[PDB]
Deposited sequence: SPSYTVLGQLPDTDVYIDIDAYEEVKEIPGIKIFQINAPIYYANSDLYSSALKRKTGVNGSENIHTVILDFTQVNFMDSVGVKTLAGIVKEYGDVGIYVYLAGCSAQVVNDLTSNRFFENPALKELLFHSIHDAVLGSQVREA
C-alpha cells in the first residue's frame, strides 16, 4: 500500500523500519505498527491477538479537521475493545492541529502520545487494562 507501511523491529535495537526492507526485521507479537504515508482518511480506508496499535506520524506535517475526526474514530473504536492506539512522532504542529480540532477534549488522550516508536512500545508494556 502507498498510504501506510507496516513496520517491524530490528532485533535487539530501537530501530523500526519497513517490515519488507530487511529480512531480519520482525513485527512484535501483540503490536501492530503502521507508518502513515498519506492523510489518515486514506490509510483508514485501507484498514477497512493485538493489544496495541502504534501509528507512526513522523511523515505527517499537519492535520486537517477531517483527519482529526477520522483519527478520533479509530482511537475510540479500538479503545472500545480494549486496544490502545498510540501516536508516535507527532510534531508540535500536528499536536496543535489535534488540539484545535478537539482531539484532547478528554485530556486523558494526551497519554496516547509518545516521541518515538520505541517509546510507544515501552509504554505499552504495562498500563491500565
{"item": "Deposited-sequence ranges lacking C-alpha coordinates, in sequence order", "value": "49 to 62"}
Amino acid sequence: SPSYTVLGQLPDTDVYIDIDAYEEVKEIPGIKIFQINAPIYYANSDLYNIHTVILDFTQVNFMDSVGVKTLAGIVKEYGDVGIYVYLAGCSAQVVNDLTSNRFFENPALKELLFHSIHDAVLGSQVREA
From here on, numbers count along this sequence of modelled residues.
item: 54 to 62 or 97 to 105, whichever carries the higher mean Cα B-factor; value: 97 to 105
item: 36 to 44 versus 87 to 95 - which carries the larger mean C-alpha B factor in the record; value: 36 to 44
item: Which of 119, 18, 23, 111 ranks first by CA B-factor in the deposited coordinates; value: 23
item: Residue 124 by Cα B-factor - lowest, middle or highest third of the modelled chain; value: lowest
